[PDB]
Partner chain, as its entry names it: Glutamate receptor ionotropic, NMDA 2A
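Shown next as structure tokens: one chain only, the form solved without the partner chain.
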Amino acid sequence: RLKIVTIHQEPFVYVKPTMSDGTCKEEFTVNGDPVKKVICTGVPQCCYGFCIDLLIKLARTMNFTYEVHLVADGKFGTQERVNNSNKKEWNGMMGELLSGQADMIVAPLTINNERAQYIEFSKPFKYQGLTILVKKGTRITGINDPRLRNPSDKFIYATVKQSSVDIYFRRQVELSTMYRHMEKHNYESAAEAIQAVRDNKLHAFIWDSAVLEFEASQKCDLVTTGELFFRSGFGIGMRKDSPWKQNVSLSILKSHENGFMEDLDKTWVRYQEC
């Protein structure tokens, strides 16, 4: 069985406890359909969501058995220094895939050149990017809006401390002005930041576009605004010498063409009524 590694990241992967009898609660979408779930260890737990639906579709069309587990260190994966040395090694899911603890990463893993040098990405199953969350009525054109480009205590914007977004802004010389402002207001978690916008304590939250659209679709007082920026995509991760490489991509392309990927978006991200 293929060792699948994933991570808790709503709405792509939800993680909940099993019921008293060890099974996963039978639930259904507002649409009325049965929610597909799988046991993922990390203690057996219940995993479901956009990427789980995708894994199932792949497992079925490619005919392969699998077992899912949650990444041990709870990280997506970046190259960090080990034991106070200059030697660096991948942590998170990147690290588990390279070490053999996993044979495939199924999660919203952002595609980028640094990672592509060590592993192989399938064709993107969904595009990725950042957007801005604000309270309904607030007007912001995007990352180039005046109130973002020229910071002041009058309009507070931020992201999550030590997150991929925070690290990205910190490394861009061109964003130094925005970063100096953000570092003063960054939050401990995305949940707290989102709540701060609802409570009018944070005026704008910069974060993953799918996550923010998910939030806006359920909370009437919140909306995303401006054009998506710093784009890329999410892909399935596998070692370079993987035998499922071409087959995973061919399947993803077919799912794009037949409307399946859009169906997943409608189900897990774009909710009807807020």
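Positions refer to the first chain, counted from 1.
Omitted from view is the form deposited with the partner chain bound, to which the following refers.
Open item on the list: Given a 4.5 Å cut-off on heavy atoms, tell me which of 153-161, 71-79, 193-201, 117-125 is the interface stretch with the partner chain in the deposited bound form.
Closed with: Residues of 117-125 come within 4.5 Å of the partner.
Task: in the deposited bound form, the one of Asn112, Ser85, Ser99, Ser189 near the partner chain [non-hydrogen atom within 4.5 angstroms] - done: Selected option: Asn112.
Task: in the deposited bound form, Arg180 touching the partner chain (heavy atom, 4.5 Å) - done: Output for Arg180 is no: heavy atoms all beyond 4.5 Å of the partner chain.
Task: in the deposited bound form, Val15 touching the partner chain (heavy atom, 4.5 Å) - done: Outside the cut-off, so no.
- [ ] Although the partner chain is absent from this view, report whether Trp244 comes within 4.5 Å of it in the deposited bound form, heavy atoms only.
- [x] Contact with the partner chain, no.
Open item on the list: Check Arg270 for me: does it contact the partner chain in the deposited bound form (non-hydrogen atoms, 4.5 angstroms)?
Closed with: Yes.
Open item on the list: For the three residues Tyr168, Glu174 and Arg231, which mark the spot I'm curious about, does each lie within 4.5 Å of the partner chain in the deposited bound form through at least one heavy atom?
Closed with: Result yes, every residue of the spot touches the partner chain.
Task: Sequence-ordered list of residues in 46-67 near the partner chain in the deposited bound form, where near means a heavy atom within 4.5 Å - done: None of them.
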